[PDB]
Amino acid sequence: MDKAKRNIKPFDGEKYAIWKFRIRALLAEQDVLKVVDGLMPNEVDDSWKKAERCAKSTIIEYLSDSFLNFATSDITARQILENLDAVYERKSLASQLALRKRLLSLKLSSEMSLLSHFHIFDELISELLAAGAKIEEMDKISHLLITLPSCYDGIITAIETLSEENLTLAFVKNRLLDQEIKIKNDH
Amino acid sequence: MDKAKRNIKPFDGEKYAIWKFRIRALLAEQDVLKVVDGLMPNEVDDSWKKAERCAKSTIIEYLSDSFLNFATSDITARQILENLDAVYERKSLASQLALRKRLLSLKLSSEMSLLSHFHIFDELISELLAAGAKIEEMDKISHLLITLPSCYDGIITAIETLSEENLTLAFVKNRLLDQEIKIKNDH
Amino acid sequence: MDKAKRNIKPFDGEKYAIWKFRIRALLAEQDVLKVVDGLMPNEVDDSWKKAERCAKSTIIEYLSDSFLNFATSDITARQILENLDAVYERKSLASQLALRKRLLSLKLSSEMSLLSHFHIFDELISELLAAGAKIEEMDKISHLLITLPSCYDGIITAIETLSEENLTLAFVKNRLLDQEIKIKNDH
Amino acid sequence: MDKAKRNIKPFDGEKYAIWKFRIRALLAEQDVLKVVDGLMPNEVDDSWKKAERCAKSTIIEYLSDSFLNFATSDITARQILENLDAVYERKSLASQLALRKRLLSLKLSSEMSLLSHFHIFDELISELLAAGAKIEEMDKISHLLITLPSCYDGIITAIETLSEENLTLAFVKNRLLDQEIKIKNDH
Amino acid sequence: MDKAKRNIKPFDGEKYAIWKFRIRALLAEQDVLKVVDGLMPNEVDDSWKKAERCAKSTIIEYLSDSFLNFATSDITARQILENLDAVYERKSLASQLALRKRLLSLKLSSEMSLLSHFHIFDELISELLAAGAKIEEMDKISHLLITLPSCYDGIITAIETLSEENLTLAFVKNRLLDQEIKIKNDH
Amino acid sequence: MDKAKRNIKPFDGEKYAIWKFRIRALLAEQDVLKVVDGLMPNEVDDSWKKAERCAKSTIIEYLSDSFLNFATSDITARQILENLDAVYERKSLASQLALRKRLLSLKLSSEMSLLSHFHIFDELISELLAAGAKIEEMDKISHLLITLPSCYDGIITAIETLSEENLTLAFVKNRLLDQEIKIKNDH
Amino acid sequence: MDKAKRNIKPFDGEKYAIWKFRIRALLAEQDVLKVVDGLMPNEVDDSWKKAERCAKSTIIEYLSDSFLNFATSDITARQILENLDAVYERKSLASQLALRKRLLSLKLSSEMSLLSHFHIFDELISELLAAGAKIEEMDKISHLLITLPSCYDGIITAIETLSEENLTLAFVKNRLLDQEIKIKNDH
Amino acid sequence: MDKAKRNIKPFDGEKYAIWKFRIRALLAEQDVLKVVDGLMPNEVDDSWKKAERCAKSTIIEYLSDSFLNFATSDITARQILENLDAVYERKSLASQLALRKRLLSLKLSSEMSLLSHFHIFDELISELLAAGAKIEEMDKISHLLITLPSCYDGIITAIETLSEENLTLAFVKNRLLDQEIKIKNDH
Amino acid sequence: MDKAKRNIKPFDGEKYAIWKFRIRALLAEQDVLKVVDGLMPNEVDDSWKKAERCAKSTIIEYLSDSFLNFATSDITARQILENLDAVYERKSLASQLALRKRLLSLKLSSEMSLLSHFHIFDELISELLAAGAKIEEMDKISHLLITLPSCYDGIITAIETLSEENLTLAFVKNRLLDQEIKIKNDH
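Here is the structure:
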């Protein structure tokens, strides 16, 4: 059976925890997830052996060569996950406040290169996926909006109305295009 | 059958309906309002007479010198209310039309704070009601909208793109707070 | 069961959350809050009717003309709650926008007493979450933390790593007070 | 009965009838108005003793210093009131004639607000009722009409051709107020 | 009996009451006053025919030429008199209001004998009684008394000190004659 | 008797003693005066009523119009004359006193006819009697005498201890005219 | 026993008559006066004890510190009354002399409100009685009249005819208010 | 017990005996003074605890924060008061000497009103009693006499011979104030 | 029973230790302190639930806006109070370090009356013990020796003679007040 290649890259970097959590789902349909989760049975069937082989192979496909050194030749998938967890794991503290302190540093930029500001919020989403997970686009759009110039101050808050009912952040970006449109049009 | 101190300043002629329904609610709190509410009761007795006499006493608590002159003991409580109506609340067509003329004329450029204009609209509407006009949410909305300049007119654009059923004059003041909050901050 | 003065004032809709909270505390002390929240009996007895009329009267005492003229004669205090909740507590993102702007408004330099900014922020965020904000407590402190000078850098640059489960509202706020008291003393 | 200060100005001999009427209304709130108005049994049941002395002190609260000695500690509050009635309610041609010219000499200019005119007219009616005589209705009408200023002249000219059922004084007041509105519009 | 010059002024709208009074008296000397004041029986006897026709003829002789229209050769003297009654005695508010306007307008100028002033005053007073407006004894007293200048100050003050039942119109006039004497004397 | 004009005038408030004297004289020669000579008896018959009404009519003929205010419709000619008397005759201490001041002030100058001087004395007498003075024959005489210049002293000497028996005021006028004639020669 | 918020000033040595008398009236309404004044036997029961304590407290809070020495540990309410009456009142003859001198030197300067002078006079009189004088109504009247200025003096000359039995001080004061109003007219 | 406003202050030491005496008087009216000054019943009375706590609260409202820390929650409020009294009001020989020497210095330069320095002398008397040198009538009299100003010392020359039994210090103050009135009368 | 005015501030942390002391005393007055100081009772009957509710509502009466929002109705008023206590009453090492620094820097000053000095010392100590420093009578006295100026050397040595049987801040303060008064006198 071919392993359907995913744009989830072979882990080498941030949150093996989330990456491996999504790998657990990838393991679950072959259910080699069950064998790595499962007690090493008194009866290791050929199915269990094949599942362990497959799991290690999946890990390899999903791990960078530097991490493949931890994989080594035949160390069980479970043992390698444990080693990686032990070395890697800082459990709780860093995750939200890394995003937060980055937002403190990465905010309040209303005028210079609004397209770089597109990239700014893109980095913010990246940081949310990476470390910050508490609240979603309503708060994001709120501070992004506050980040920016006067036109929203007039329109958004009342006049734009419950456009949040649609939550068309796409049209919000298009409103930034409209800012650009007006800027060129006035001259 | 207890009474407490009053935010109501002893009545003087203006906010007559406001003060009057405030007093109505007070009298209903003592249950005594029923005497004015009902037609000639079947239970015309010292207790219903006590209820209306207490009502008269309560009215006299607010009546100032001219009002206390209306408060001749012979006149029934309901009759006194009717007298005060005929002075203040009297439904003159001329009053309604004159107030309509004045509201057309009355406008805000910049010289009245948002709350200043809010109360201006409030008094205008209140008087037009007291003059005996019959008025609806859309009327209040449109007139208040019409009073304003272009910055605020972005709110009118909000109404054209917003369901009028959700619009209420309280909510309109709310939306108008939001609109002038743009001017404050946007400056 | 007391009618003495309160900081409660003929309300304007401004500070509605705490205003209403003090109102509710009062109404429970008036004992009418029980009926105002409690199941309305299918037969609204004079006990319940008294308690409603009393509540409405107290609300009248504590409300301005605007809400009371918005308050129809027959609407129960419940409807008054609902009206004010719709006006204030529709929780459109616009509230969050305004609150984040007011949060941004003061950067707490080394001048102001830190307790001033503590209570300012505390109020601000309390109302922000009263506006339905799904914000984590450390994510609140984070906005205050934006406000601090370089003197703080020595602690803050670590403490941004030392975060929600490690340090919570009290723990961080105390650590911040430790830094600022030391800043003052050192100065 | 706690007597938190009511709508009663103190007393120093001025506008006795009406001020005492405020007192009477208070005594009905005290329920003790029965002691003066109702028969006072010299039995004076204990509730009556307390009521009588309570009334006496209540009056005294509003009484000025001279009025304490006018109200000697022996005479019943009813007797005190009756004494002050003889003292103040000595309705006299001195008062009647002085007031009658003082009032007839006062004129409604076309400037002074017709609201103020109503208060003037009602005051003077009640003054002439109080001073030792009553007033005939058509004479009230006549005096009112005499007060009026020149801008009315055409309207008065029309009015003088209308009989009393055509000129029911309430409608006269109202149509003249509508004429005031017209005049204001013209200005 | 003769048509000896019965020198009434032929009436023209002037002194209608007085004119009609002289006429009534005149006809009574002819005994023909019965033709009108006696609502005639079915007895148009030759005496009554003469009485009526002669009365009519004499009324014409003491009516203005303009007035002969209301006195066409057909109707009986009563009808003519009711015509003029409706002209004057319709309770003309114009007459009443004009009468009081002038009454109130002119103080006693010291250029006229107080007796002449008295006659003038009483005459327009009697005209205002005839004009449809009641006049009270106290009204008459007030008007007369304050229509005078200050030199009266001695009786003016004495009036207040003095009692009501003494100061009748006749007694007031007597005291006014005392003061007239005293004024002429003072010069 | 016929109303052929006697030596009487439409009354003017003046010579009222003489006017009334001649009126009474006419009424008595008409026999009609019996109605004011007698107070209203049980004998109010048709003759009495008609005589009274005719007296009033005749008074009206001899009254000028203002005095018709005394005539006043209904009141008897007896009452009308009583009111007239009170106004002109107007008996009071000050009245005779002021008239006495004038009288002693009086002096004769020859260019004033002695009959001119008679009439000034006689009008003073009319006033003084009408004012209520009980003027003796001797008073009339001596106060007339005081005025006369030295030439009169010859006849005046005929009074000092010489007989008053002849000296009735008619005879005193005879003496006065006698000395006047002597002095007419003398001039 | 409702301790109403009596306007009674916290007294400290000025107009003790007024203060004490108001307090006495309060003791009468408090009903304590019966026990406070009655006697001091061993029948000073729990109600008697609490009544004298209540009165004592009332006195203390309505008095100043000056009394707390006079409060002589535990003198009951009555003993406090006598002590303070002796402290201020003591039938002081020197006070009578000073009060006479003040009153005699005193003159109503017309700008001093008629009320101002009236209470000044009433204060002098009340003090002079407390100083132990045998004052009478005639004294009060005479001094009051004497104390006024020239226009009032002329109207006093009118008032002089009003013999003592005609007059009572309250009535006279009222006539003097009427006279002041007359002066408003007169000027 | 009633909670009516007492003229008693949050206390830090100012007029210690007097403030404490006001407190004591209130507590006696609260009935709680009985335990505060009196017995320590062995039985565990609920009313005793309620009274104590209530009194403590009252005194706390009446105390400054220093006295509150002295007011240890777990001990009787009374004990705290007596302890504070001892600290403040112990028998200091030094205080007595200072009070005597200030009394010598307090030879009054009588710019101050005389009664006021009597009050101040009473304060010093109270202080010297509290300082431990409780004084005797003769001594108080001597000291008071010595303190007075020049013409007052002139009367003291007479006063020296006065009979010692009649010379009660209360009578002395009476006599001195009477002489002050006499001194201003003599001026 | 209902709460009177307590001058206890609508609070925000200023003088929190003693403010909370006053609060706690008021809770004890209501019997509700048992539930606050003790656990929320193991079975919170209506009495205890109402007791804690009353504590909360009174804390609301005495709190200010952010302090009210901290006072959310969910968690017991005692818990909230403790939360705010730890916030301001930060019982952690640096607080006592800073306080010690402040104490050791502080000295008595001449204008700082020894009572005021004691007040300042005592508030410092109250803060220190409230900060949680285990510091007792010997330390209080030792700190007082440290603050005292050169004019206190001899008394300080006398206090060094005063050992643990003598150790009592009251007696110590008493002797220091003796020093102070003798200092005042001497200087």
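Chains as they are written, first to last, in PDB author numbering: chain A, 1 to 187; chain F, 1 to 187; chain G, 1 to 187; chain a, 1 to 187; chain X, 1 to 187; chain d, 1 to 187; chain V, 1 to 187; chain Q, 1 to 187; chain L, 1 to 187.
Think of the CB as a built atom: it goes at the ideal place given N, C-alpha and C, for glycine as much as any other residue.
Residue burial classification, residue i (beta-carbon count within 10 angstroms, cutoff 16)
i	result
residue 189 (chain X)	The requested residue 189 (chain X) does not occur in the structure, where chain X is confined to residues 1 to 187.
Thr147 (chain F)	buried
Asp46 (chain G)	exposed
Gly13 (chain a)	buried
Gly38 (chain d)	exposed
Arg53 (chain V)	buried
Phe21 (chain Q)	buried
residue 219 (chain A)	Residue 219 (chain A) falls outside the range modelled here, since chain A spans only 1 to 187, and no answer is possible.
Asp74 (chain G)	exposed
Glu43 (chain X)	exposed
Residues near residue i in its chain [Cβ-Cβ closer than 7 Å; skip 5 each side]
i	result
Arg24 (chain F)	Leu33
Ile60 (chain A)	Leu68 and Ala71
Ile135 (chain V)	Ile125, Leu128 and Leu129
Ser110 (chain A)	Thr147, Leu148 and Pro149
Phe11 (chain F)	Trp19, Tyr62, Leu63, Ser64 and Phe67
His143 (chain X)	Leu103
Residues of its chain near residue i, where Cβ-Cβ distance is below 8 Å and the 5 sequence neighbours each way are ignored
i	result
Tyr16 (chain A)	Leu84, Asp85 and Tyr88
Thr168 (chain G)	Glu137 and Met138
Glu164 (chain F)	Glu137, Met138 and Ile141
Same chain, Cβ closer than 6 Å to residue i, five either side skipped, listed in chain order
i	result
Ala130 (chain V)	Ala17 and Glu89
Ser66 (chain F)	none
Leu145 (chain d)	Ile156
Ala133 (chain X)	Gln96
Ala77 (chain V)	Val36, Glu52, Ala55 and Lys56
Fill in: Contact between the stretch 166-186 of chain V and the stretch 150-157 of chain V (3+ Cβ pairs under 8 Å)
At 8 Å Cβ cutoff, the stretches touch.
Practice prompt. Taking 8 Å as the threshold, find out whether the stretch 156-174 of chain F comes into contact with the stretch 119-137 of chain F through three or more Cβ pairs.
Written response: yes
Discussion item. Across the stretch 89-101 of chain L and the stretch 156-169 of chain G, are there enough close Cβ pairs to call them in contact, namely three or more that are closer than 8 Å?
Written reply: no
Worksheet item: Taking Cβ-Cβ distances below 9 Å as the criterion, which residues of the stretch 81-93 of chain d are in contact with chain X?
Response: Listed by position along the chain: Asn83, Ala86, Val87, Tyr88, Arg90 and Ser92.
Discussion item. Runs of 4 residues minimum, wholly inside the stretch 109-187 of chain F: which ones carry the alpha helix (DSSP H) assignment?
Written reply: Qualifying alpha helix (DSSP H) stretches, in chain order: 114-130, 137-147, 150-160 and 169-186.
Discussion item. In chain order, what are the residue ranges of uninterrupted alpha helix (DSSP H) at least 4 long that sit wholly in the stretch 36-88 of chain d?
Written reply: 46-62, 68-71 and 77-88
Worksheet item: What residues from the stretch 95-122 of chain a come within 7 Å of chain F, judged by C-beta to C-beta, listed N to C?
Response: Going along the stretch 95-122 of chain a in chain order, one finds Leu115, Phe118, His119 and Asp122 with a Cβ nearer than 7 Å to chain F.
Worksheet item: At a Cβ cut of 9 Å, what residues of the stretch 155-176 of chain V count as close to chain X, listed as they run along the chain?
Response: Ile155, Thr157, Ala158, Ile159, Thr161, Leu162 and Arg175
Item to complete: Scan the stretch 123-157 of chain G for residues whose Cβ lies nearer than 8 Å to a Cβ of chain A and list them as they occur along the chain.
Response: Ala133, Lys134, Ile135, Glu136, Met138, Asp139, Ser142, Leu145 and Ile146
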